[PDB]
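Protein chains in written order, with our numbering: chain A, 1 to 379; chain B, 1001 to 1379; chain C, 2001 to 2110; chain D, 3001 to 3164; chain E, 4001 to 4056; chain F, 5001 to 5052; chain G, 6001 to 6239. Ideal Cβ positions, reconstructed from N, Cα and C, are used throughout, including at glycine.
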Amino acid sequence: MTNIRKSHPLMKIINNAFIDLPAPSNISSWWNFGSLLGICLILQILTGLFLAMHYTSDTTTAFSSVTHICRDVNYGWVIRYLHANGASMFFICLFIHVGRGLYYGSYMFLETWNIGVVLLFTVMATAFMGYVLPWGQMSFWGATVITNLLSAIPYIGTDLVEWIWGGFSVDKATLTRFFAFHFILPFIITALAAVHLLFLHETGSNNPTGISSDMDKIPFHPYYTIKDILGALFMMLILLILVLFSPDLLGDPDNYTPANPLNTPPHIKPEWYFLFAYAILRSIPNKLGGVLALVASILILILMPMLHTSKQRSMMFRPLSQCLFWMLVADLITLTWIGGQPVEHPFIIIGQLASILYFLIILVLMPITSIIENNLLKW
Amino acid sequence: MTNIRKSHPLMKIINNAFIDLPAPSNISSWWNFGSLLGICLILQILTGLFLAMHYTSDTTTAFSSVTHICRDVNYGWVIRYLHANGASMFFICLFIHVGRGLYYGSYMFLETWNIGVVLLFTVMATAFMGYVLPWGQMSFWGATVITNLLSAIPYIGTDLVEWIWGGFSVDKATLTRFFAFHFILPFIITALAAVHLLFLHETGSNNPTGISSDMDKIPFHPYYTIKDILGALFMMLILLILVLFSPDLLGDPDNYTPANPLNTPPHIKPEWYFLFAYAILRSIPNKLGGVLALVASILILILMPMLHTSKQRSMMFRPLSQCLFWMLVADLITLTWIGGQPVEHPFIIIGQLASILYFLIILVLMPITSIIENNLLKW
Amino acid sequence: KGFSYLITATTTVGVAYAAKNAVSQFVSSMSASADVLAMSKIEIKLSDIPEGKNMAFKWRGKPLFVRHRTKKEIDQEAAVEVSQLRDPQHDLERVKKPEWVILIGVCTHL
Amino acid sequence: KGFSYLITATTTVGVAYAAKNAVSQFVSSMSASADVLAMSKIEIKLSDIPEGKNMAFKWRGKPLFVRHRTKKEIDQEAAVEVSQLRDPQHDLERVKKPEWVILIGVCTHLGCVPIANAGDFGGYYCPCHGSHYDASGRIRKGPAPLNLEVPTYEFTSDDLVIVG
Amino acid sequence: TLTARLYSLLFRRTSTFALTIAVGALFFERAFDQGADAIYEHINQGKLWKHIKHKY
Amino acid sequence: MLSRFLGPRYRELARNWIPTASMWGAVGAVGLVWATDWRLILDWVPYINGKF
Amino acid sequence: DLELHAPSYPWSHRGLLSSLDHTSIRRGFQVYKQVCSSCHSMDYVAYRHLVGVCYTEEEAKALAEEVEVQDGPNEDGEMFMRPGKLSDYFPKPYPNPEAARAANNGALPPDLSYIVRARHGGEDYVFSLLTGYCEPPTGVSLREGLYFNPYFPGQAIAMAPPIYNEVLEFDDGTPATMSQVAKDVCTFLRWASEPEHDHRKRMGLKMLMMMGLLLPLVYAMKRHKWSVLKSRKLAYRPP
Ligand code: HEC
Ligand code: HEM
Ligand code: HEM
Ligand code: HEM
Ligand code: HEM
Ligand code: FES
């Protein structure tokens, strides 16, 4: 006789996954944002489905269908605002997860880090498309600007724009195909997340101290299952304040206006989770330079494992590097705020300075600080 | 230091599943359909996405969208008819796969067999919703009839039917939810097919003889991979003939009339691949009895490993039982034809006998016969 | 043990309340939307119409002929043989109010 | 070995042609539909718009403005200075009939709606940032990258202009 | 043998194999499309729009 | 990616694999122009050009 | 009851790789425009599809501007009537379905954008139908307004005889015989239902050729790489 938990194929996989996985005991709260991500994804997988069954992806009924969901559908407003604010919270958790990876040197797990970068790319594309779906004025105009950015690529950049558009402008085909891609992609996100976990398991999680904790691993089922239950419920607390009390707190009110390709809205911005990249976009006067900076702002995470020169993999014992990291976080928040504001004095120069400072920190300050750091500690 | 094929954590499963997988040496062509299913599913995913590229799941524009696909979009007709005939061909291979499983005694593999039954259920549901989507006369009326069949359930019948409808009759809500369900379900089928393969790989495979081939296994890569490719090419041949020389050969022309909820078509026959159950549904005079017989017709596959009693795993060496199995196949064909025909004098009684004999073969005749040759062969 | 398991029980009872509510919102979102149960729902006809008048209506998606079947038509309908009728439905069994008979305006047979 | 690998090569080239000519099917399907092309052809612009007034459409999917500038407004754009700005491009150069000036509608350099009609520096006033396009569209008050590019056309006649 | 020279020349290297396959497809697409269009117009002569264009 | 990879054996290995890598790049270029049906190359070609 | 099925006529496009006679399509459009368009509609087909199939660009433009099609609200607040162009679908004859039912005896002329792909039998049906009109048999008394057509289900079609000898003058000069008119209109309706009918067949031709080439070689590959197992010649040598 054998225990079914560790003998049945599916039960064996689940057991190694999140039952008897040896995890470090000193895992702080910041690792909870791992599971929360999937949880939001699951919720994001769920609520969107219940949105997808009352959405007619046509430019003559999309807005009417959304109003129908919010108004004349049994508890439909709850689903819709759960979707939107869940997207906001998903990106909050994603940013915190990336920050945790940067801080405690989790990018030393190469394959997991690369897979995470891919997940970031595809989830941001998914969210952009989903925000295009409701077909508000902000939705349509942001879609026009963002797709038109692709014209900067030489030679074949022009041709991609109509291909993605499906015509000569963001119109019927663009909305329908954006609905289709926004439906399919999150399942690709799920697959890549499964591969992410697969890659993580072969080395185990990284404790805050950074040093290997193979002499202190504890089982996952009794301890961390309840910890992630607490984390998910605590996240649901904030999410329910968002949805239930002030639902449209994260979102431009102009979106609640039928999209009209004859009147640009006075204020144009992407969502709060995209304004940071929009800041670098509007920083570089050159269009092609702007698009390259857009790609690089995210792709620079791939260079991080190479730039690590400190003999410590954990940032607990790196004061100067800690100040640099918090300066970087302030830089990102400054980029977001600048993206919010229109491009005028003095926002333009502040945006240029913030972009330069962000790139300079990620590429130069952190490695030089690590080198002088090692020199300061006999290694 | 080590082969990347057997070193990379992601490459481990792929190598152990398709490259160095020990497969029986004497596997016939009847097993190639296992690949033919999966590959076909991808086309249904690949084509079905592009149909979702240009499709407004709305009562007033769904049919217009389909016509615009088949008439205006570049090579849209190719994608549409490839998708429809691919679904029909998918069911062809599904039936052949179930027949192979019944013949060569593969239902001894239990977990894979039950998972396959679940796969069958999900695929039929997916095809039902898909046929609902075009919103033709046959689409709407067949959907109405099949969902009204659920009213036979006691007590919760009407409320369940109205729940599935999303309203009072098949309308906006029904189509809109059916599209999203049809989007999600094939990914469930894909994950469940991965589970199917995972369960199968632990028990190897059943060769036509039925005896264990653990001592004649061969590497998978230079072998069947090429044979599977050849089978896929033959499948592409059949599918392309169907699409390019008679797209609507397997399909009622009445669907091309826009769905009018005021005119009952002369015939309400469902797709070709469902009549075998539909005929059974027509046979039982009682409505609840009809629904139970309809569901039990598919569910009877689960009982098969229990009913087997012949001490030989395979059907290769059981002549009388082979005659019984071919009688079963003839019964299935007869049921399909009867479901095609209306409910009149010559067809009612034929349907009654066909249903009775189809159940009798599986429940009584096959095991009783399996006793007979065991007594005949001195054991 | 009782104290710790009482904490457990309170946690799970609160979770049960929340879970039923969360899933019931979804299941009710499945249910008929407000608009569909405002027009396709019961539509309430009128009875001020005179005798032998088929008050032309359009509801449930089809036309509605509520006709005030007069006494002569009532007795003729009752006297009509059900056996010869293609439909095996008697006049009195088909109608609850003989002098007000309500039918859907669409014919069968297109 | 040559015989076997020649069989392999022929199979490979057949598969290559099939793969190209199927992925091209899919890509062209995702490309612009025929109806979009038949809408992006020559568009019907009629008399309608009277002199000295700017009116808009959505030809090609973009907010084209056709401004019927008065023959007096042609002289008023003659007085519009050229060299010292970024795009001198006299209004005669842009359109054969300055009585009927036409230009695609998007403000380059991310601008709020420049006030239409005659403007106040000659045809517009772009509020977000400088420029304030001229009645011919040129950057009137500012160095803003470039003016609203003029669509090509094969106008049938006066009061009949077709744009494309 | 011609096959032997063929193999020794441009089939031993798998990369030269790929180059041969690609340059062969370059001309195979052209030849096959021309031949199949030729067969199709020969089968349907006087019916396709191309054959009857010159009238109008 | 440092002085480790710089050495006489590594230079010789580079030279050894330059023909293969270079004509692999040629394979890629030919495949790209074929798949994209790049006119700006295909016009200069013989018989192929008659497609256009 | 009974349902007299339509005999299989030997259409030119019936062949496996035979496309429609496009000159017959040109002739069959004129009959639709001058006869069938009076009560029926082809809402799913626009003048744009006509070019390159049976008309050239200038003829398509002239034909489109022959009719008048409604455009959106003008700058005054109301509908303004304009001549048609390439991107206008075939004009509807009746403002709404109710007007169509009332104008006729009470029936509805179905749109022909799919009537060949919706009727069981296809062209052989429609042609025979248009040529199946005859005196009702003895013992059958159709109501005033109803016309007898055996092919029509119920034999009680509400259709006035649409095609009679010398109904319209074909531009090329072919005789206006009812059979010719019906044949050309049926080919045109088949094209309307299946615009890809040409290209599909062309594509099929290629699929026939290359899969007649890939299939052996791939098979030739399989037997190549599977011959090791097929010539094993095992042996047993126990002590
Ligand atoms: C001229 C070339 C044609 C063709 C090919 C068709 N019609 Fe007509 N039609 C009319 C009316 C009132 C009806 C309704 C009758 C009914 O459906 O009960 C019809 C019907 C048809 C059908 C449907 C037959 C079927 O199988 O359901 C078809 C295929 C059809 N038509 C083709 C009215 C008219 C006219 C009134 C003045 C004229 C002229 C035509 N039709 C001409 C044609
Ligand atoms: C990866 C997780 C997902 C994210 C981050 C995401 C994000 C978004 C966002 C930001 C919107 C715009 C909401 C608004 O403006 O009101 C949106 C809309 C939408 N999403 Fe998603 N989505 C996700 C998953 C899904 C899935 C899986 C589906 C399909 C089942 C889906 C279907 C929709 C639909 C139909 C809309 C339009 C309804 C609406 O905008 O209110 N989403 N999504
Ligand atoms: C799709 C969203 C994502 C999901 C669902 C996901 C899932 C997870 C989970 C559950 C963990 C374990 C818990 C933890 O350590 O935090 C984890 C770890 C990790 N993820 Fe992600 N992740 C996502 C995005 C990312 C991104 C964007 C990155 C960065 C590029 C990333 C890099 C990592 C790293 C480095 C670890 C290891 C952390 C450690 O060892 O301490 N992930 N991921
Ligand atoms: C499990 C595999 C699938 C099967 C068996 C299947 C089956 C079908 C069938 C039979 C139809 C009716 C086609 C017609 O009557 O013309 C259909 C329609 C449709 N399917 Fe699928 N389908 C599958 C996968 C998918 C997927 C994954 C998608 C979405 C990505 C999809 C999207 C559609 C759409 C949009 C339609 C309506 C357009 C049409 O009628 O063809 N299908 N499907
Ligand atoms: C979604 C559709 C399905 C897919 C993609 C699938 C996939 C596969 C594949 C690839 C194999 C290995 C090749 C083979 O042995 O034929 C296999 C084997 C098998 N499948 Fe399925 N299957 C499907 C549906 C089913 C169904 C409906 C059943 C029956 C209930 C079933 C039961 C089995 C059994 C018993 C085997 C073992 C056959 C043997 O090795 O002798 N599967 N499946
Ligand atoms: S704001 Fe319109 S040009 Fe700068």
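Could you tell me whether any non-hydrogen atom of ligand 5 is closer than 7 angstroms to the CB of B:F1234?
No, since every heavy atom of ligand 5 falls outside the 7 angstroms radius drawn around the Cβ of B:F1234.
Can you name the start and end residues of the alpha helix (DSSP H) that B:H1345 belongs to?
That run of the alpha helix (DSSP H) goes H1345 to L1360.
Let's test the definition: count the other Cβ atoms within 10 Å of the Cβ of B:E1271 and tell me whether it reaches 16, buried, or not, exposed.
The residue in question, B:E1271, is buried, as its Cβ has 16 or more Cβ neighbours within 10 Å.
Can you check whether the C-beta of A:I92 is within less than 8 angstroms of a C-beta belonging to chain C?
Not one chain C Cβ lies under 8 angstroms of A:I92.
Looking at A:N263 and ligand 1, is the gap between the Cβ and the nearest heavy atom below 7 angstroms?
Outside the cutoff, so no.
Evaluate B:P1134 with the Cβ neighbour count: other Cβ atoms within 10 Å of its Cβ, from every protein chain shown; 16 or more gives buried, anything less gives exposed.
Buried: at least 16 other Cβ atoms inside 10 Å.
Give the DSSP-derived three-state secondary structure of C:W2100 in the structure shown.
The answer is coil: DSSP assigns C:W2100 none of H, G, I, E or B.
Quick check on E:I4021: buried or exposed, where buried means 16 or more other Cβ atoms within 10 Å of its Cβ?
That one is buried.
Quick one: is G:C6186 buried, meaning 16 or more other Cβ sit within 10 Å of its Cβ, or exposed?
The residue in question, G:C6186, is buried, as its Cβ has 16 or more Cβ neighbours within 10 Å.
B:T1203 to A:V195, Cα distance in whole Å?
About 25 angstroms.
Name the one or two DSSP bridge partners that C:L2064 has.
C:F2057 and C:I2104.
Look up D:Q3076 in the DSSP assignment and say whether it is helix, strand or coil.
If DSSP states are grouped into helix, strand and coil, D:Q3076 belongs with the helices.
At a Cβ threshold of 8 angstroms, is A:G231 touching chain C?
It does not: the Cβ of A:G231 has no partner Cβ on chain C nearer than 8 angstroms.
Name the one or two DSSP bridge partners that D:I3044 has.
According to DSSP, which records beta bridges pairwise, D:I3044 is partnered with D:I3162.
What is the DSSP secondary structure of G:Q6070, reduced to helix, strand or coil?
Strand, per DSSP.
Can you find a C-beta in chain B that's less than 8 angstroms from the C-beta of C:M2030?
Output row for C:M2030: interface = yes.
In the DSSP assignment, what residue or residues form a beta bridge with B:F1245?
Answer is none; B:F1245 lacks a bridge partner.
Kindly indicate which residue of G:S6087, G:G6072, G:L6016 and G:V6069 has the alpha-carbon position closest to the one of G:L6050.
For G:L6050, the nearest C-alpha among the options comes from G:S6087.
Please say whether A:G136 and A:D248 have beta carbons closer to each other than 8 angstroms?
Not a contact, by the Cβ cut-off of 8 angstroms.
Does the Cβ of A:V118 lie closer than 7 angstroms to at least one heavy atom of ligand 2?
No, Cβ of A:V118 sits at least 7 angstroms from all heavy atoms of ligand 2.
Can at least three beta-carbon pairs, one atom from the segment 1166-1179 of chain B and one from the segment 1076-1089 of chain B, be found at a separation below 8 angstroms?
With a cut-off of 8 angstroms, the segment 1076-1089 of chain B and the segment 1166-1179 of chain B do not count as touching, because too few Cβ pairs lie within range.
Note down, in chain order, each residue of its chain lying with its Cβ closer than 7 angstroms to the Cβ of D:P3098, except the 5 sequence neighbours on either side.
Contacts found: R3069, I3074, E3077, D3091 and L3092.
Give the DSSP bridge partners of G:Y6147, in chain order.
DSSP lists G:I6157 as partners of G:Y6147.
Just to make sure I have the definition right: I need the residues of chain G whose C-beta is within less than 9 angstroms of the C-beta of residue 1382 of chain B. Which are they?
Given a span of 1001 to 1379 for chain B in the structure shown, any question on residue 1382 of chain B remains unanswerable.
Helix, strand or coil for G:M6079 per DSSP?
Looking at G:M6079 - three-state DSSP - the assignment turns out to be strand.
Leaving out five residues on either side along the sequence, give the residues of the same chain with a beta carbon under 7 angstroms from the beta carbon of G:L6004.
Taken in chain order, the residues that qualify are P6150 and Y6151.
Using a Cβ cut-off of 8 angstroms (strictly closer), state whether B:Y1223 contacts chain D.
Closer than 8 angstroms: no.
Is D:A3144 near ligand 6, judged by its Cβ being under 7 angstroms from some heavy atom?
The answer is yes for D:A3144.
List, in chain order, every chain G residue whose beta-carbon is nearer than 7 angstroms to that of B:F1245.
Simply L6016 and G6204.
Looking at the unbroken alpha helix (DSSP H) that takes in B:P1367, where does it start and where does it end?
From DSSP, the alpha helix (DSSP H) with B:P1367 extends over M1366 to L1376.
At a CB-CB cut-off below 8 angstroms, which residues of chain D make contact with E:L4006?
Those are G3002 and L3006, listed as they occur along chain D.
Against residue 6273 of chain G, what residues of chain B qualify as contacts under a CB-to-CB distance less than 8 angstroms, listed in chain order?
Examination of residue 6273 of chain G is not possible in this model, given that chain G is present from 6001 through 6239 alone.
Any chance the CB of G:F6148 is under 7 angstroms from a heavy atom of ligand 2?
Checking the Cβ of G:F6148 against ligand 2 gives no.
For the segment 1075-1101 of chain B, which residues have a CB atom closer than 7 angstroms to at least one CB atom of chain D, in sequence order?
Here the close residues are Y1075, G1076, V1078 and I1079.
Name the DSSP beta bridge partners of B:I1218, please?
Partner(s): B:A1023.
At which residues does the alpha helix (DSSP H) containing G:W6191 begin and terminate?
Unbroken alpha helix (DSSP H) run through G:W6191: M6178 to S6193.
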